[PDB]
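In: 3D, please:
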Amino acid sequence: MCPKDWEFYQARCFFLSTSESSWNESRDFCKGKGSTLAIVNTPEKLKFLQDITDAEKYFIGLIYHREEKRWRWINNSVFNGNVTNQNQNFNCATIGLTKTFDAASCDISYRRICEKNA
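Out: Residues are numbered from 1 along each chain as shown. Coordinates below:
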């Protein structure tokens, strides 16, 4: 099983924060628990998380790469979905509330989803 307060899905463990912070701060929080920001790279994973996030927005492990002109998952794979409301300024993304991946400022405070192996 997962650690206390973490949630199991297909050999992986997920944590939904109540606290809000910036993307980098969220990266630091997840690392503080030996995890990384969530990679949500399949229909099944997106659905699993959307079902339990409900009505708040959460940073995940999806960032824009200036030098590539594409989004990438933080495990170094190309982004395989669509991000909404992109603009020259936003380099991060959230899920939750909406039905979609949504561009967000890396500097604005959001909750986070951390992920590690079970």
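In: Could you point out the longest helix of the chain?
Out: As assigned by DSSP state H, the longest helix anywhere in the chain is helix 43-53.
In: show me where this protein has strands.
Out: For the chain, applying DSSP state E gives strands covering 7-9, 12-16, 36-37, 58-65, 70-73, 77-78, 83-84, 92-95, 101-104, 111-117.
In: deepest of those, which one?
Out: By mean neighbour count, with neighbours taken as mean count of other C-beta atoms under 10 Å, strand 92-95 ranks first of the strands of the chain at a mean of 25. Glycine gets a C-beta too; all of them are placed from N, C-alpha and C.
In: which helices and strands does it pack with?
Out: helix 43-53, strand 58-65, strand 101-104 (3 or more C-beta pairs under 8 Å, 6 or more residues apart in numbering; DSSP states H and E).
In: Same question for the longest helix of the chain: list its buried residues.
Out: Neighbour-count burial for helix 43-53 flags 45-46, 48-50, 53 (criterion: 16 or more other C-beta atoms under 10 Å).
In: which residues touch the closest residue to residue 64 other than its chain neighbours?
Out: Closest residue to residue 64 apart from its sequence neighbours, by C-beta to C-beta, 6 or more residues apart in numbering: residue 91 at 4.3 Å. Applying C-beta atoms under 8 Å, 6 or more residues apart in numbering to residue 91 gives the contacts 63-64, 66, 105-106.
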